[PDB]
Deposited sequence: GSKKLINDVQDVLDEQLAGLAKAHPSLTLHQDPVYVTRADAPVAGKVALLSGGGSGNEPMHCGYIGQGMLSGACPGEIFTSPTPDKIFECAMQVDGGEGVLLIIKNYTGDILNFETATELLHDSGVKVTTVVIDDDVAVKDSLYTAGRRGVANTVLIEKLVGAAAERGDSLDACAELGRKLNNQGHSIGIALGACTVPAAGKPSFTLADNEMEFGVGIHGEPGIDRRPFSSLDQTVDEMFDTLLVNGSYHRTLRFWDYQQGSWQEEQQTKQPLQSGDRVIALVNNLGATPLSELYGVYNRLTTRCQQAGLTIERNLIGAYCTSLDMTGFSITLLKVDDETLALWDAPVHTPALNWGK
């Protein structure tokens, strides 16, 4: 019952959302919104507000929650996508986990065969660990939030499915995240360095000496692990098939302008996140990175894990315009 009660609570708190039953998924109350590319995501419960907190104008059209840390079944994704399609296509944003990849792929193929124009964006921003417990390649973590906002803004503006997907894929190649935990959702004064959002092990356990030193090593790891080459699969709706694409991320470098996300993994005092941000700006300025915009708070949690993550996303004038554009969701709200 607890998950059901939680979802009923969400629907009651937010009349602008619609909680569907049999199967369970969540959409904007006004879905389908005709005339715009629809954005859809989803994944396990326990990462709230990701993704149901991001449903609204300028962001997601709908989301499909699964069981705790467990991919939604493909029926939820298929039915949600059908519900949100506004005739300009549906963009599926998928975090890189083996379950999520499998279920979103099953749904995507069937959607295409049912006449829905669809394609995909995979998120693999976590720089810490290659081939973790539930992931081939790198894990999809808090950069998903930033990409959902930016691609959400483009869709809301009227950009085509192809333009939205291309933007999503580009941003994914330019975003870098790392997380640490001081306690699971460890010995005294010890941290799990490079932790995942489903409790997966990091690079190692190591001493926690101070907040400042912890940020320093997270920041250093973003730079050192920033270069990354891998194959990602995307749906080509013209051909009606999966296409593999080899792509390379460049590390962040001097001259880069970034959006910074300092994210609470569940149980970190907010005061401490401002201390994290303080050290982050100093390391950014020293490395010739300009932080243009920031988000600080609980945007991609891991239940009640004690820890935090840092995400830096390279941006330009055009992406900043997309950032500044209106968003109206439970977790992010600004503009007219």
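Going by the record, the unmodelled stretches of the deposited sequence, in order, are 1 to 10, 196 to 206.
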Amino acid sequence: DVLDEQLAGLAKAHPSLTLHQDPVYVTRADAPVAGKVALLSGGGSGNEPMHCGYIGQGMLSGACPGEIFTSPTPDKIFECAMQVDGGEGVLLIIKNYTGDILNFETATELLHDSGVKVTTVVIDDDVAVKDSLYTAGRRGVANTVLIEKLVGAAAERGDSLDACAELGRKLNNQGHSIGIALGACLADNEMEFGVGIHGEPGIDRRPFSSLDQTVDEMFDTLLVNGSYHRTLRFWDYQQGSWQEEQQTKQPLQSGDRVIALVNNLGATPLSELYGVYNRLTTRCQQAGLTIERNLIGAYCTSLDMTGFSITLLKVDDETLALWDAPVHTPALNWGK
From here on, numbers count along this sequence of modelled residues.
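For the pair 229 to 237 and 162 to 170, the record assigns the higher mean C-alpha temperature factor to 229 to 237. Taking the PDB entry as given, 26 to 34 carries the higher mean Cα B factor of the two stretches 293 to 301 and 26 to 34. Taking the deposited Cα B-factors for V215, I77, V90, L182, the highest one is held by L182.
Considering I259, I197, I123, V145 together, the PDB entry gives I197 the largest C-alpha B factor. Ranked by C-alpha B-factor against the other modelled residues of its chain, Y134 falls in the highest third. The entry lists a Cα temperature factor for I101 that places it in the middle third of the chain's modelled residues. Placement of the Cα temperature factor of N278 within the chain: middle third of the modelled residues, per the deposited record. Ranked by Cα temperature factor within the chain, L211 sits in the highest third according to the deposited record. Among all modelled residues in this chain, the alpha-carbon of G43 has a temperature factor (C-alpha) in the middle third.
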